[PDB]
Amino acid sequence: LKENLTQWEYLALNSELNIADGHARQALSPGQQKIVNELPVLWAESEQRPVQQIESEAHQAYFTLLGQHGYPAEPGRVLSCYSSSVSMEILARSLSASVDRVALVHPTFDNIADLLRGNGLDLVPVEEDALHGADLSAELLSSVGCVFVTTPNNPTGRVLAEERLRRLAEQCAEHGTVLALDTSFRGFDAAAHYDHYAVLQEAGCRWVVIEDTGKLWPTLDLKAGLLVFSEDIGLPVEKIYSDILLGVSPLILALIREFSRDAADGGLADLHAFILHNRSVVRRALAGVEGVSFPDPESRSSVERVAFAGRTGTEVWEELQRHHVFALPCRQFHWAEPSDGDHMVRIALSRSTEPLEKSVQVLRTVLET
């Protein structure tokens, strides 16, 4: 009855032991609370300055924070959207003007698949081993108009390394295909902080990148998706963007600027340390527990997959929910073959440690019948 992962996440939104959706719900740091305390000042600034200047500063702060020095800073090359999913809707509807089929990494967050399919695009799954380990086949590239990679991936944390991004961008250029990247989880893993725009521009392929500020910091879902596109993209992303919105709030852009600056001043290292700590408490707690394993040993992402033998993720979810703990079954990340995820749940790590600890102790007991 839960048609997608988001509908599983609705069930958790009002519980103290929500470890389902990937949004950041941990406490603000002291430096971040100082930003919140200055919100009336940021409001006045947002009333008094031209939005283009605030937007330019927010983009500069965020892209430079994460190593993306080559981003196109000319006004209009980075489209600020209400969310990365709104960017994805724009991209999907734009793709459907001239593309029939999209090669898409599998598993990935399911609304990428569902927005693409919903706009009439046929999807070809590319498993992670194929995507990272070998060139894509000429047969595949000639049959699709776009290759879409989430990196770091959700739910696996896998990062497309620079050499492979380069080869993929070269392949797309050679075939005329759009390379599209979703880099929502970029901030969590320094392996994703090499300059992606430099690679893409040097390869000369048609490209689109959707950045997202929404997953890094606990900003009560105040965020923007940033839809960045090559000059030759050849899709009507600018026109469809303008059908949907005039722009985002200057106050949100100012918040993104301030949170990015705090992150540059040591907040980002603290975040990495915090996620590492929370991953450690989860793995320590599901220690022995016969039948339990962690499919993504090297992930640095803010979500964590847990696998179990002889139990189903939906079953674990129901036993968990009877104790008011809400996680996420993994089936629907495997948008082309949901049974691939039948024996996994996903746990959200962007949480205060104490509620996370309590939820994982509950899972330890459950997983011990």
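When you see a residue number, it is the position in the sequence shown, counting from 1.
- Higher mean CA temperature factor between 313-321 and 64-72: 313-321, per the PDB entry.
- The mean C-alpha temperature factor is higher for 360-368 when 360-368 and 2-10 are set side by side.
- Each of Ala327, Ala336, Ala58, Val51 has a CA temperature factor in the record; the biggest one is found at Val51.
- Highest CA B-factor among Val303, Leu28, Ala307, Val41, as stated in the entry: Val41.
- In this PDB entry, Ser80 carries a Cα temperature factor that places it within the lowest third of its chain's modelled residues.
- Among all modelled residues in this chain, the alpha-carbon of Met88 has a temperature factor (C-alpha) in the lowest third.
- Among all modelled residues in this chain, the alpha-carbon of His272 has a temperature factor (C-alpha) in the middle third.
- Among all modelled residues in this chain, the alpha-carbon of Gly288 has a temperature factor (C-alpha) in the highest third.
- Among the modelled residues of the chain, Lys239 sits in the middle third by CA temperature factor in this PDB entry.
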